[PDB]
$ cat final01.txt   # compact mmCIF, N, CA and C atoms and all ligand atoms
# COMPACT_ATOMS: atom_id res chain seq x y z
N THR Q 1 8.08 15.28 7.99
CA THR Q 1 7.98 14.44 6.81
C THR Q 1 8.09 12.95 7.16
N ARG Q 2 8.30 12.64 8.44
CA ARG Q 2 8.49 11.25 8.85
C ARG Q 2 7.37 10.73 9.75
N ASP Q 3 6.31 11.50 9.98
CA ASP Q 3 5.20 11.08 10.84
C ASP Q 3 3.98 10.74 9.99
N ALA Q 4 3.68 9.45 9.88
CA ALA Q 4 2.57 8.96 9.07
C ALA Q 4 1.33 8.67 9.89
N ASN Q 5 1.34 8.94 11.19
CA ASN Q 5 0.15 8.68 12.00
C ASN Q 5 -1.07 9.40 11.43
N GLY Q 6 -2.21 8.72 11.49
CA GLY Q 6 -3.49 9.37 11.34
C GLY Q 6 -4.43 8.60 10.43
N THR Q 7 -5.55 9.25 10.12
CA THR Q 7 -6.54 8.74 9.19
C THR Q 7 -6.40 9.54 7.90
N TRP Q 8 -6.22 8.84 6.79
CA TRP Q 8 -5.84 9.46 5.52
C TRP Q 8 -6.92 9.20 4.48
N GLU Q 9 -7.46 10.27 3.91
CA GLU Q 9 -8.57 10.19 2.96
C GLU Q 9 -8.07 10.40 1.54
N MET Q 10 -8.58 9.60 0.62
CA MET Q 10 -8.06 9.62 -0.74
C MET Q 10 -8.47 10.89 -1.47
N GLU Q 11 -7.50 11.48 -2.16
CA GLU Q 11 -7.72 12.59 -3.08
C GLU Q 11 -7.53 12.21 -4.53
N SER Q 12 -6.62 11.29 -4.83
CA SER Q 12 -6.34 10.92 -6.21
C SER Q 12 -5.76 9.51 -6.25
N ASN Q 13 -5.91 8.87 -7.41
CA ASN Q 13 -5.58 7.46 -7.55
C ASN Q 13 -5.44 7.21 -9.05
N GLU Q 14 -4.21 7.15 -9.52
CA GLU Q 14 -3.92 7.02 -10.94
C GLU Q 14 -3.33 5.65 -11.22
N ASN Q 15 -3.86 5.01 -12.26
CA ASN Q 15 -3.41 3.68 -12.70
C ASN Q 15 -3.63 2.60 -11.63
N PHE Q 16 -4.68 2.74 -10.82
CA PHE Q 16 -5.08 1.68 -9.90
C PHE Q 16 -5.36 0.37 -10.64
N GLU Q 17 -6.06 0.46 -11.78
CA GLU Q 17 -6.43 -0.74 -12.53
C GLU Q 17 -5.20 -1.44 -13.10
N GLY Q 18 -4.25 -0.69 -13.64
CA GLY Q 18 -3.05 -1.31 -14.18
C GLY Q 18 -2.22 -2.00 -13.12
N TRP Q 19 -2.09 -1.38 -11.95
CA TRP Q 19 -1.37 -2.03 -10.85
C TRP Q 19 -2.09 -3.30 -10.39
N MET Q 20 -3.42 -3.24 -10.24
CA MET Q 20 -4.16 -4.45 -9.86
C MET Q 20 -4.03 -5.54 -10.92
N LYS Q 21 -4.07 -5.16 -12.19
CA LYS Q 21 -3.92 -6.16 -13.25
C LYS Q 21 -2.53 -6.79 -13.23
N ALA Q 22 -1.50 -5.98 -12.94
CA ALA Q 22 -0.15 -6.54 -12.81
C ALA Q 22 -0.08 -7.57 -11.69
N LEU Q 23 -0.90 -7.42 -10.65
CA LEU Q 23 -0.95 -8.39 -9.57
C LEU Q 23 -1.86 -9.57 -9.87
N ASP Q 24 -2.53 -9.56 -11.03
CA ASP Q 24 -3.43 -10.63 -11.48
C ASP Q 24 -4.77 -10.64 -10.77
N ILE Q 25 -5.19 -9.52 -10.17
CA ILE Q 25 -6.51 -9.46 -9.55
C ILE Q 25 -7.59 -9.66 -10.61
N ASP Q 26 -8.60 -10.45 -10.27
CA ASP Q 26 -9.72 -10.75 -11.16
C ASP Q 26 -10.33 -9.49 -11.74
N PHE Q 27 -10.53 -9.50 -13.06
CA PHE Q 27 -11.10 -8.35 -13.76
C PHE Q 27 -12.41 -7.90 -13.12
N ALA Q 28 -13.29 -8.85 -12.79
CA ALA Q 28 -14.57 -8.48 -12.18
C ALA Q 28 -14.35 -7.73 -10.87
N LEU Q 29 -13.43 -8.21 -10.04
CA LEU Q 29 -13.21 -7.56 -8.75
C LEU Q 29 -12.53 -6.21 -8.92
N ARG Q 30 -11.63 -6.09 -9.90
CA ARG Q 30 -10.98 -4.80 -10.14
C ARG Q 30 -12.00 -3.72 -10.44
N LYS Q 31 -13.04 -4.06 -11.20
CA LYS Q 31 -14.03 -3.05 -11.56
C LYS Q 31 -14.82 -2.57 -10.35
N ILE Q 32 -15.02 -3.43 -9.34
CA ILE Q 32 -15.63 -2.96 -8.10
C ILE Q 32 -14.63 -2.17 -7.27
N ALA Q 33 -13.40 -2.67 -7.13
CA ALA Q 33 -12.38 -1.97 -6.35
C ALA Q 33 -12.21 -0.53 -6.81
N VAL Q 34 -12.28 -0.29 -8.12
CA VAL Q 34 -12.08 1.06 -8.64
C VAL Q 34 -13.14 2.05 -8.16
N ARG Q 35 -14.32 1.56 -7.77
CA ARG Q 35 -15.41 2.42 -7.31
C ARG Q 35 -15.38 2.69 -5.81
N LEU Q 36 -14.66 1.88 -5.04
CA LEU Q 36 -14.78 1.93 -3.59
C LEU Q 36 -13.94 3.06 -3.01
N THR Q 37 -14.51 3.75 -2.02
CA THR Q 37 -13.74 4.71 -1.25
C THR Q 37 -12.75 3.97 -0.36
N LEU Q 38 -11.49 4.39 -0.40
CA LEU Q 38 -10.41 3.79 0.37
C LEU Q 38 -9.96 4.76 1.45
N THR Q 39 -9.81 4.27 2.68
CA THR Q 39 -9.30 5.04 3.80
C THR Q 39 -8.08 4.31 4.37
N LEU Q 40 -7.02 5.06 4.62
CA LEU Q 40 -5.77 4.52 5.13
C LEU Q 40 -5.61 5.00 6.57
N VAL Q 41 -5.50 4.07 7.51
CA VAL Q 41 -5.33 4.38 8.92
C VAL Q 41 -3.97 3.85 9.35
N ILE Q 42 -3.12 4.73 9.87
CA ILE Q 42 -1.75 4.38 10.23
C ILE Q 42 -1.51 4.71 11.70
N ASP Q 43 -1.00 3.74 12.45
CA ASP Q 43 -0.51 3.92 13.81
C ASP Q 43 0.99 3.65 13.75
N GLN Q 44 1.79 4.66 14.12
CA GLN Q 44 3.25 4.58 14.03
C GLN Q 44 3.83 4.97 15.39
N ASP Q 45 4.66 4.09 15.94
CA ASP Q 45 5.34 4.32 17.22
C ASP Q 45 6.77 3.82 17.10
N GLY Q 46 7.73 4.72 17.00
CA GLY Q 46 9.11 4.29 16.77
C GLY Q 46 9.21 3.55 15.46
N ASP Q 47 9.77 2.35 15.51
CA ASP Q 47 9.90 1.51 14.32
C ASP Q 47 8.63 0.74 14.00
N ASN Q 48 7.64 0.77 14.88
CA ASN Q 48 6.48 -0.11 14.79
C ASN Q 48 5.34 0.58 14.07
N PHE Q 49 4.83 -0.07 13.04
CA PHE Q 49 3.72 0.43 12.25
C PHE Q 49 2.58 -0.58 12.27
N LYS Q 50 1.36 -0.06 12.35
CA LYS Q 50 0.15 -0.82 12.10
C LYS Q 50 -0.64 -0.05 11.06
N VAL Q 51 -0.84 -0.67 9.90
CA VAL Q 51 -1.47 -0.01 8.76
C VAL Q 51 -2.76 -0.76 8.43
N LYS Q 52 -3.81 0.00 8.19
CA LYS Q 52 -5.09 -0.58 7.85
C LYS Q 52 -5.73 0.17 6.71
N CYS Q 53 -5.92 -0.48 5.58
CA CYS Q 53 -6.69 0.13 4.50
C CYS Q 53 -8.08 -0.47 4.52
N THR Q 54 -9.09 0.38 4.46
CA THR Q 54 -10.46 -0.07 4.62
C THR Q 54 -11.31 0.43 3.45
N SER Q 55 -12.25 -0.42 3.03
CA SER Q 55 -13.27 -0.07 2.06
C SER Q 55 -14.51 -0.87 2.41
N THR Q 56 -15.56 -0.70 1.60
CA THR Q 56 -16.79 -1.40 1.98
C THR Q 56 -16.61 -2.91 1.94
N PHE Q 57 -15.91 -3.49 0.95
CA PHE Q 57 -15.86 -4.94 0.80
C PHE Q 57 -14.55 -5.57 1.22
N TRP Q 58 -13.45 -4.82 1.22
CA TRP Q 58 -12.15 -5.41 1.46
C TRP Q 58 -11.36 -4.54 2.43
N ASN Q 59 -10.65 -5.20 3.33
CA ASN Q 59 -9.66 -4.54 4.16
C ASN Q 59 -8.31 -5.18 3.88
N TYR Q 60 -7.26 -4.41 4.15
CA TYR Q 60 -5.88 -4.88 4.04
C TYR Q 60 -5.14 -4.35 5.25
N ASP Q 61 -4.74 -5.24 6.15
CA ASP Q 61 -4.13 -4.89 7.42
C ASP Q 61 -2.74 -5.48 7.46
N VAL Q 62 -1.73 -4.68 7.82
CA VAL Q 62 -0.37 -5.19 7.96
C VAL Q 62 0.31 -4.48 9.12
N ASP Q 63 1.09 -5.23 9.90
CA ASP Q 63 1.92 -4.67 10.95
C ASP Q 63 3.36 -5.02 10.66
N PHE Q 64 4.27 -4.08 10.90
CA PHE Q 64 5.67 -4.37 10.62
C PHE Q 64 6.55 -3.48 11.49
N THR Q 65 7.80 -3.88 11.59
CA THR Q 65 8.84 -3.11 12.25
C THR Q 65 9.86 -2.71 11.19
N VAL Q 66 10.15 -1.42 11.12
CA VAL Q 66 11.14 -0.92 10.18
C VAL Q 66 12.44 -1.68 10.37
N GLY Q 67 13.02 -2.13 9.26
CA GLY Q 67 14.31 -2.79 9.28
C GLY Q 67 14.29 -4.27 9.57
N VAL Q 68 13.12 -4.88 9.75
CA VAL Q 68 12.99 -6.29 10.11
C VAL Q 68 12.18 -6.99 9.03
N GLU Q 69 12.82 -7.90 8.29
CA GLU Q 69 12.11 -8.61 7.24
C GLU Q 69 11.01 -9.47 7.84
N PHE Q 70 9.89 -9.58 7.13
CA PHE Q 70 8.79 -10.41 7.59
C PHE Q 70 8.19 -11.20 6.44
N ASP Q 71 7.80 -12.45 6.72
CA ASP Q 71 7.01 -13.23 5.78
C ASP Q 71 5.61 -12.64 5.74
N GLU Q 72 5.10 -12.45 4.54
CA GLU Q 72 3.80 -11.83 4.35
C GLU Q 72 3.00 -12.67 3.38
N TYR Q 73 1.70 -12.79 3.65
CA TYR Q 73 0.78 -13.49 2.76
C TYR Q 73 -0.33 -12.50 2.48
N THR Q 74 -0.40 -12.04 1.24
CA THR Q 74 -1.31 -10.98 0.84
C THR Q 74 -2.72 -11.55 0.67
N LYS Q 75 -3.22 -12.14 1.78
CA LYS Q 75 -4.42 -12.97 1.72
C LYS Q 75 -5.61 -12.23 1.14
N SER Q 76 -5.74 -10.93 1.43
CA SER Q 76 -6.88 -10.16 0.95
C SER Q 76 -6.63 -9.48 -0.40
N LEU Q 77 -5.45 -9.66 -0.99
CA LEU Q 77 -5.12 -9.05 -2.28
C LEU Q 77 -4.94 -10.13 -3.34
N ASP Q 78 -3.70 -10.41 -3.73
CA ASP Q 78 -3.40 -11.40 -4.75
C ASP Q 78 -3.05 -12.77 -4.19
N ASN Q 79 -3.02 -12.91 -2.86
CA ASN Q 79 -2.84 -14.21 -2.20
C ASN Q 79 -1.50 -14.86 -2.53
N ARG Q 80 -0.41 -14.11 -2.33
CA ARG Q 80 0.93 -14.61 -2.57
C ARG Q 80 1.78 -14.46 -1.32
N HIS Q 81 2.78 -15.33 -1.21
CA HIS Q 81 3.80 -15.24 -0.17
C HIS Q 81 4.92 -14.34 -0.67
N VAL Q 82 5.25 -13.32 0.11
CA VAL Q 82 6.38 -12.45 -0.19
C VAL Q 82 7.20 -12.27 1.08
N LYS Q 83 8.47 -11.91 0.90
CA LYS Q 83 9.34 -11.51 2.00
C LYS Q 83 9.41 -9.99 1.97
N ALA Q 84 8.81 -9.35 2.96
CA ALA Q 84 8.64 -7.91 2.95
C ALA Q 84 9.64 -7.24 3.88
N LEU Q 85 10.04 -6.02 3.51
CA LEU Q 85 11.01 -5.25 4.28
C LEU Q 85 10.71 -3.78 4.06
N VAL Q 86 10.55 -3.04 5.16
CA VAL Q 86 10.25 -1.61 5.13
C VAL Q 86 11.41 -0.87 5.77
N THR Q 87 11.93 0.15 5.07
CA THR Q 87 13.10 0.90 5.53
C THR Q 87 12.91 2.37 5.21
N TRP Q 88 13.73 3.21 5.84
CA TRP Q 88 13.79 4.63 5.52
C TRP Q 88 14.92 4.90 4.53
N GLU Q 89 14.61 5.62 3.46
CA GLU Q 89 15.60 6.14 2.53
C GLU Q 89 15.47 7.65 2.62
N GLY Q 90 16.27 8.27 3.48
CA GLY Q 90 16.00 9.64 3.86
C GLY Q 90 14.66 9.70 4.57
N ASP Q 91 13.78 10.56 4.09
CA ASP Q 91 12.45 10.66 4.66
C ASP Q 91 11.41 9.85 3.89
N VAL Q 92 11.83 9.07 2.88
CA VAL Q 92 10.92 8.20 2.12
C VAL Q 92 10.84 6.85 2.82
N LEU Q 93 9.62 6.36 3.04
CA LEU Q 93 9.41 5.02 3.60
C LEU Q 93 9.25 4.06 2.43
N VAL Q 94 10.10 3.04 2.37
CA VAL Q 94 10.21 2.16 1.20
C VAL Q 94 9.92 0.72 1.62
N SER Q 95 8.98 0.06 0.93
CA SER Q 95 8.70 -1.37 1.10
C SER Q 95 9.14 -2.12 -0.14
N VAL Q 96 9.94 -3.17 0.03
CA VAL Q 96 10.21 -4.14 -1.02
C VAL Q 96 9.57 -5.46 -0.61
N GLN Q 97 8.84 -6.08 -1.54
CA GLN Q 97 8.23 -7.38 -1.32
C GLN Q 97 8.86 -8.38 -2.30
N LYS Q 98 9.80 -9.18 -1.81
CA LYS Q 98 10.51 -10.12 -2.67
C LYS Q 98 9.65 -11.36 -2.90
N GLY Q 99 9.60 -11.82 -4.14
CA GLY Q 99 8.74 -12.94 -4.49
C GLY Q 99 8.64 -13.09 -5.99
N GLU Q 100 7.49 -13.59 -6.43
CA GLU Q 100 7.30 -13.89 -7.85
C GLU Q 100 7.35 -12.62 -8.69
N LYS Q 101 6.65 -11.58 -8.26
CA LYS Q 101 6.58 -10.35 -9.04
C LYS Q 101 7.85 -9.54 -8.88
N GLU Q 102 8.34 -8.99 -9.98
CA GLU Q 102 9.48 -8.09 -9.95
C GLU Q 102 9.01 -6.68 -9.58
N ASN Q 103 9.92 -5.91 -9.00
CA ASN Q 103 9.68 -4.49 -8.73
C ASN Q 103 8.43 -4.29 -7.88
N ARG Q 104 8.21 -5.18 -6.92
CA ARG Q 104 7.00 -5.17 -6.13
C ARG Q 104 7.23 -4.49 -4.79
N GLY Q 105 6.38 -3.52 -4.49
CA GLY Q 105 6.44 -2.86 -3.19
C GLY Q 105 5.71 -1.53 -3.26
N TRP Q 106 6.16 -0.60 -2.41
CA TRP Q 106 5.59 0.74 -2.38
C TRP Q 106 6.58 1.71 -1.77
N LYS Q 107 6.28 2.98 -1.96
CA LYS Q 107 7.05 4.09 -1.41
C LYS Q 107 6.07 5.14 -0.93
N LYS Q 108 6.35 5.67 0.24
CA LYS Q 108 5.51 6.68 0.85
C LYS Q 108 6.29 7.94 1.19
N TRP Q 109 5.78 9.09 0.70
CA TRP Q 109 6.33 10.41 0.97
C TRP Q 109 5.29 11.15 1.79
N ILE Q 110 5.63 11.52 3.01
CA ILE Q 110 4.74 12.28 3.88
C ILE Q 110 5.18 13.74 3.82
N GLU Q 111 4.27 14.62 3.40
CA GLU Q 111 4.56 16.04 3.29
C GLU Q 111 3.48 16.75 4.11
N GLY Q 112 3.76 16.93 5.41
CA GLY Q 112 2.79 17.52 6.31
C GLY Q 112 1.51 16.72 6.40
N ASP Q 113 0.42 17.30 5.90
CA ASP Q 113 -0.89 16.66 5.92
C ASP Q 113 -1.24 15.97 4.61
N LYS Q 114 -0.27 15.79 3.71
CA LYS Q 114 -0.46 15.06 2.47
C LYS Q 114 0.44 13.83 2.48
N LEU Q 115 -0.08 12.71 1.99
CA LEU Q 115 0.66 11.46 1.88
C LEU Q 115 0.61 11.03 0.42
N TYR Q 116 1.78 10.89 -0.19
CA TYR Q 116 1.92 10.40 -1.55
C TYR Q 116 2.37 8.95 -1.48
N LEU Q 117 1.63 8.07 -2.13
CA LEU Q 117 1.91 6.64 -2.09
C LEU Q 117 2.07 6.16 -3.53
N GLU Q 118 3.19 5.50 -3.82
CA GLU Q 118 3.38 4.87 -5.12
C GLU Q 118 3.51 3.37 -4.94
N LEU Q 119 2.56 2.62 -5.48
CA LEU Q 119 2.54 1.17 -5.42
C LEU Q 119 3.05 0.63 -6.74
N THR Q 120 4.00 -0.31 -6.68
CA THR Q 120 4.59 -0.84 -7.89
C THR Q 120 4.45 -2.36 -7.97
N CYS Q 121 4.31 -2.84 -9.20
CA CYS Q 121 4.30 -4.27 -9.49
C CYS Q 121 4.74 -4.43 -10.93
N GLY Q 122 5.84 -5.13 -11.19
CA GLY Q 122 6.24 -5.31 -12.58
C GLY Q 122 6.56 -3.97 -13.21
N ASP Q 123 5.95 -3.69 -14.37
CA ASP Q 123 6.15 -2.43 -15.07
C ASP Q 123 5.08 -1.39 -14.77
N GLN Q 124 4.26 -1.61 -13.75
CA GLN Q 124 3.14 -0.73 -13.43
C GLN Q 124 3.38 0.02 -12.13
N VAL Q 125 3.00 1.29 -12.13
CA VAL Q 125 3.03 2.14 -10.95
C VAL Q 125 1.65 2.75 -10.79
N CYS Q 126 1.10 2.66 -9.58
CA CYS Q 126 -0.11 3.38 -9.25
C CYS Q 126 0.26 4.46 -8.24
N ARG Q 127 -0.22 5.67 -8.53
CA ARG Q 127 0.12 6.85 -7.74
C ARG Q 127 -1.12 7.34 -7.02
N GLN Q 128 -1.06 7.40 -5.70
CA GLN Q 128 -2.17 7.84 -4.88
C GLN Q 128 -1.74 9.04 -4.04
N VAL Q 129 -2.70 9.91 -3.73
CA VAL Q 129 -2.51 11.03 -2.82
C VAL Q 129 -3.64 11.00 -1.81
N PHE Q 130 -3.29 11.13 -0.53
CA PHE Q 130 -4.23 11.20 0.56
C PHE Q 130 -4.01 12.48 1.35
N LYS Q 131 -5.07 12.94 2.01
CA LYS Q 131 -5.02 14.07 2.92
C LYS Q 131 -5.39 13.60 4.32
N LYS Q 132 -4.65 14.08 5.32
CA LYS Q 132 -4.92 13.67 6.70
C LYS Q 132 -6.21 14.31 7.19
N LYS Q 133 -7.09 13.49 7.73
CA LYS Q 133 -8.35 13.95 8.30
C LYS Q 133 -8.11 14.46 9.73
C1 LIG Q 201 1.83 2.82 3.08
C2 LIG Q 201 0.75 2.14 2.33
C3 LIG Q 201 0.82 0.85 1.98
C4 LIG Q 201 -0.33 0.07 1.42
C5 LIG Q 201 -0.33 -1.34 1.36
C6 LIG Q 201 -1.42 -2.04 0.83
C7 LIG Q 201 -2.51 -1.32 0.36
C8 LIG Q 201 -2.54 0.05 0.42
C9 LIG Q 201 -1.45 0.76 0.94
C10 LIG Q 201 -3.83 0.58 -0.17
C11 LIG Q 201 -4.64 1.43 0.81
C12 LIG Q 201 -3.55 1.37 -1.45
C13 LIG Q 201 -4.54 -0.70 -0.52
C14 LIG Q 201 -5.79 -0.87 -1.10
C15 LIG Q 201 -6.27 -2.17 -1.37
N1 LIG Q 201 -7.57 -2.43 -1.95
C16 LIG Q 201 -7.75 -2.37 -3.42
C17 LIG Q 201 -7.42 -3.64 -4.21
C18 LIG Q 201 -8.65 -2.03 -1.02
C19 LIG Q 201 -8.63 -2.69 0.37
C20 LIG Q 201 -5.44 -3.27 -1.04
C21 LIG Q 201 -4.18 -3.08 -0.46
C22 LIG Q 201 -3.75 -1.79 -0.22
$ encode --input "final01.txt" --output "structure tokens" --more "lines below"
Ligand SMILES: *C/C=C/c1ccc2c(c1)C(C)(C)c1cc(N(CC)CC)ccc1-2
Amino acid sequence: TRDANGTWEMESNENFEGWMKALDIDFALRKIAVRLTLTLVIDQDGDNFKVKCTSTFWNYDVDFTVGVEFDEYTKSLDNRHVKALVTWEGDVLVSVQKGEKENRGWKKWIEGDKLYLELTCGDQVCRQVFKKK
């Protein structure tokens, strides 16, 4: 339940639009984002993670070390400066992004070959499920 390595293909994605709207993403761009196939590629070695989300028009790449706060600029998303921190809460991988938005971050539950991802911003939660390819 703690190994997130691999290429992860989307199976479900609920309230993607509400989460993007909470981040203030342009309405026009949200309507395209909702159509795009998203692939999550994770390289995990000890505390070190390299995460890459890919689609036809936008990528989102982040590298981090568990337990080490990092300055982050969401240049390809909402373009904000946040102080990010990723930690283990049991077998749940938890990101908090401190900044303008409240309740901002994500949580990842790895259950064998399924990855459950909950992205939060403000009062919005988007729930995604991926399957390991
Ligand atoms: C463990 C997963 C964390 C994480 C961080 C950022 C993003 C994601 C996952 C994705 C794959 C859900 C994602 C998608 C997008 N785009 C839509 C607006 C497509 C590139 C941005 C950021 C993240």
$ select_by_dssp --input "final01.txt" --residues "chain Q" --states "strand (DSSP E or B)" --output "PyMOL selection string"
chain Q and resi 6-14+39-45+48-54+59-65+70-73+81-89+92-98+105-111+114-121+124-132
$ closest_residue --input "final01.txt" --among "Q:31, Q:94, Q:40, Q:102" --to "residue Q:123" --atoms "only C-alpha atoms"
Q:102
$ axis_aligned_box --input "final01.txt" --around "ligand LIG 201 (chain Q)" --padding-each-side "3 Å" --output "AutoDock Vina command-line options"
--center_x -3.4 --center_y -0.4 --center_z -0.6 --size_x 16.5 --size_y 12.5 --size_z 13.3
$ residues_near_ligand --input "final01.txt" --ligand "ligand LIG 201 (chain Q)" --cutoff "6.5 Å" --atoms "all atoms listed in the file" --output "PyMOL selection string"
chain Q and resi 33+38-40+52-55+58-60+76-77+106-108+117
$ residues_around --input "final01.txt" --residues "residue Q:110" --least-positions-apart "4" --cutoff "7 Å" --atoms "all atoms listed in the file" --output "PyMOL selection string"
chain Q and resi 1-4+91-93+114-116
$ write_last_selection --input "final01.txt" --atoms "N, CA and C atoms" --output "PDB file, keeping the file's coordinate frame"
ATOM      1  N   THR Q   1       8.080  15.280   7.990  1.00  0.00           N
ATOM      2  CA  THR Q   1       7.980  14.440   6.810  1.00  0.00           C
ATOM      3  C   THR Q   1       8.090  12.950   7.160  1.00  0.00           C
ATOM      4  N   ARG Q   2       8.300  12.640   8.440  1.00  0.00           N
ATOM      5  CA  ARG Q   2       8.490  11.250   8.850  1.00  0.00           C
ATOM      6  C   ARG Q   2       7.370  10.730   9.750  1.00  0.00           C
ATOM      7  N   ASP Q   3       6.310  11.500   9.980  1.00  0.00           N
ATOM      8  CA  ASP Q   3       5.200  11.080  10.840  1.00  0.00           C
ATOM      9  C   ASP Q   3       3.980  10.740   9.990  1.00  0.00           C
ATOM     10  N   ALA Q   4       3.680   9.450   9.880  1.00  0.00           N
ATOM     11  CA  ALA Q   4       2.570   8.960   9.070  1.00  0.00           C
ATOM     12  C   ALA Q   4       1.330   8.670   9.890  1.00  0.00           C
ATOM     13  N   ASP Q  91      13.780  10.560   4.090  1.00  0.00           N
ATOM     14  CA  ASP Q  91      12.450  10.660   4.660  1.00  0.00           C
ATOM     15  C   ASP Q  91      11.410   9.850   3.890  1.00  0.00           C
ATOM     16  N   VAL Q  92      11.830   9.070   2.880  1.00  0.00           N
ATOM     17  CA  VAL Q  92      10.920   8.200   2.120  1.00  0.00           C
ATOM     18  C   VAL Q  92      10.840   6.850   2.820  1.00  0.00           C
ATOM     19  N   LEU Q  93       9.620   6.360   3.040  1.00  0.00           N
ATOM     20  CA  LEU Q  93       9.410   5.020   3.600  1.00  0.00           C
ATOM     21  C   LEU Q  93       9.250   4.060   2.430  1.00  0.00           C
ATOM     22  N   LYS Q 114      -0.270  15.790   3.710  1.00  0.00           N
ATOM     23  CA  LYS Q 114      -0.460  15.060   2.470  1.00  0.00           C
ATOM     24  C   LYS Q 114       0.440  13.830   2.480  1.00  0.00           C
ATOM     25  N   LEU Q 115      -0.080  12.710   1.990  1.00  0.00           N
ATOM     26  CA  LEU Q 115       0.660  11.460   1.880  1.00  0.00           C
ATOM     27  C   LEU Q 115       0.610  11.030   0.420  1.00  0.00           C
ATOM     28  N   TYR Q 116       1.780  10.890  -0.190  1.00  0.00           N
ATOM     29  CA  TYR Q 116       1.920  10.400  -1.550  1.00  0.00           C
ATOM     30  C   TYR Q 116       2.370   8.950  -1.480  1.00  0.00           C
TER      31      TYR Q 116
END
$ closest_residue --input "final01.txt" --among "Q:10, Q:68, Q:119, Q:62" --to "residue Q:42" --atoms "only C-alpha atoms"
Q:62
$ residues_near_point --input "final01.txt" --point "(7.0, -2.8, -11.2)" --cutoff "12 Å" --atoms "only C-alpha atoms" --output "ChimeraX atom specification"
/Q:18-23,96-98,100-107,118-126
$ residues_around --input "final01.txt" --residues "residue Q:72" --least-positions-apart "6" --cutoff "6.5 Å" --atoms "all atoms listed in the file" --output "ChimeraX atom specification"
/Q:80-84
